[PDB]
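Visitor: Got a sequence here, can you model it:
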Amino acid sequence: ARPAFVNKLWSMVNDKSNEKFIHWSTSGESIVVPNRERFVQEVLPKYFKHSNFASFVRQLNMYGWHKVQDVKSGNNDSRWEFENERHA
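Guide: Numbers count the residues shown, from 1 in each chain. What follows is the structure:
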């Protein structure tokens with residue numbers, strides 16, 4: 001009994017066929033999306049029909065996922081990484 005989004009994400013991240021567009025960080029708990037554009041084109045449509053990146057992130061935020069902001073303003077803006085507030 002887990003929310004449809006939670007399952008969609010779990011399924012999406014663990015499916016090896018999406019490895020090039022979305023995957024777990026090396027032995028970690030953060031979700032790496034190497035290129036926003038490619039992810040939206042190749043992966044998103046398989047799990048969400050009426051969706052865009054902004055709505056997806058909004059869903060992620062709801063489940064405690066936040067965008068890692070480690071880039072000193074000085075792959076560029078297409079790289080996204082999410083880490084959850086609930087961690088060890």
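Visitor: hmm, who's touching stretch 27-45?
Guide: By Cβ atoms under 8 Å, 6 or more residues apart in numbering, the residues outside stretch 27-45 that reach it are 9, 12-13, 18, 20-25, 51-53, 56, 65, 68, 75, 77-84, 87. The C-beta positions use only the backbone N, C-alpha and C, and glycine is treated the same way.
Visitor: Which of those residues fall within strands?
Guide: In strands, defined here by DSSP state E, the members of these are 23-24, 65, 80-84.
Visitor: Kindly reformat those residues as JSON lines containing neighbour count and distance to residue 44.
Guide: JSON lines is the format used below for these (neighbours: other Cβ atoms under 10 Å; distance: Cβ to Cβ, whole Å):
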{"residue": "23", "neighbour count": "17", "distance to residue 44": "15"}
{"residue": "24", "neighbour count": "13", "distance to residue 44": "18"}
{"residue": "65", "neighbour count": "17", "distance to residue 44": "16"}
{"residue": "80", "neighbour count": "19", "distance to residue 44": "13"}
{"residue": "81", "neighbour count": "16", "distance to residue 44": "17"}
{"residue": "82", "neighbour count": "21", "distance to residue 44": "15"}
{"residue": "83", "neighbour count": "15", "distance to residue 44": "20"}
{"residue": "84", "neighbour count": "13", "distance to residue 44": "20"}
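Visitor: check contacts around residue 53.
Guide: Applying Cβ under 8 Å, 6+ apart, the residues contacting residue 53 are 36, 39-40, 44.
Visitor: Highest neighbour count among those?
Guide: residue 39 (20 neighbours; other Cβ atoms under 10 Å).
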